[PDB]
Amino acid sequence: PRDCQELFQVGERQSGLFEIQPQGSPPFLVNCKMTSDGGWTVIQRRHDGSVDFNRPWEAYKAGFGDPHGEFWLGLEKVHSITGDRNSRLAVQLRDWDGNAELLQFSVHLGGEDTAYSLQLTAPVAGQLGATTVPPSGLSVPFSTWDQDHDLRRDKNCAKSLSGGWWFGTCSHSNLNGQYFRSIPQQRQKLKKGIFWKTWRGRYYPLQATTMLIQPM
């Protein structure tokens, strides 16, 4: 089977670890979530800060962490699942009072030759906050501290924050930032945290995050 939706389609009901083999790829183990809307591949999960997410490009390309805990599936693995297909990207956030916010966007995801860019239509970039975006849409490369795509020549967004992310701006989101349990006092600290600006604010550190994907 090529992904979690294909496992769902042949009748798999249980969420957990499963072997898939996307086309052109060796087999590997993924976290599948089986829902009423088919199978979803978990590509990122964070809940307790046990796993260090401040990692360079090759770790973000290959994947890291604990498949039974916090992890990053890995951009190369994620792109072998999406191919060049339109995909649903689910983003689930938890704040410190147990409130959850469930978001979903249609995206395309490019290969490494695009630096694993997120490709958004103008309406979807509108959903995320972009106000002026041509009909050709928006393309946001992935960045890590050793491979940052900020065009400002003296500005490295990933190195200034933490982790790897599609830093369209350096102020929209970062679910791969540093895990914080409470109020940090050090100048320029909560800026490095796990945040999604339009939900709880630029400086609110989220308690838990899950990102999932489903091609088509």
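The first residue of the shown sequence is 1; numbering continues from there.
Visitor: At least a third of the other compared entries: do they leave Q186 without coordinates?
Guide: Comparison shows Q186 dropped in at least a third of the other entries.
Visitor: Highest mean C-alpha temperature factor of the two stretches 96-104 and 75-83, which is it?
Guide: The stretch with the larger mean CA B-factor is 96-104.
Visitor: Give the stretch, out of 198-206 and 10-18, with the larger mean C-alpha temperature factor in the deposited entry.
Guide: Of 10-18 and 198-206, the stretch with the higher C-alpha B-factor average is 198-206.
Visitor: Checking the record values for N174, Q147, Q44, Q186, which has the greatest CA B factor?
Guide: Answer for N174, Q147, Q44, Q186: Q186, with the highest C-alpha B-factor.
Visitor: How does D48 rank on Cα B-factor within its chain, lowest, middle or highest third?
Guide: It falls in the middle third of the chain.
Visitor: Rank-wise, by C-alpha B-factor, drop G110 into the lowest, middle or highest third of its chain.
Guide: Lowest third, going by the recorded CA B-factors of the chain.
Visitor: C-alpha B factor of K61, ranked within the chain: lowest, middle or highest third?
Guide: Lowest third of the chain for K61's C-alpha B-factor.
Visitor: Which third of the chain does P141 land in by C-alpha B-factor: lowest, middle or highest?
Guide: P141: CA B-factor falls in the lowest third of its chain.
Visitor: Ordered by C-alpha B-factor within the chain, which third holds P67? Give me lowest, middle or highest, please.
Guide: Tercile = middle for this residue's CA B-factor.
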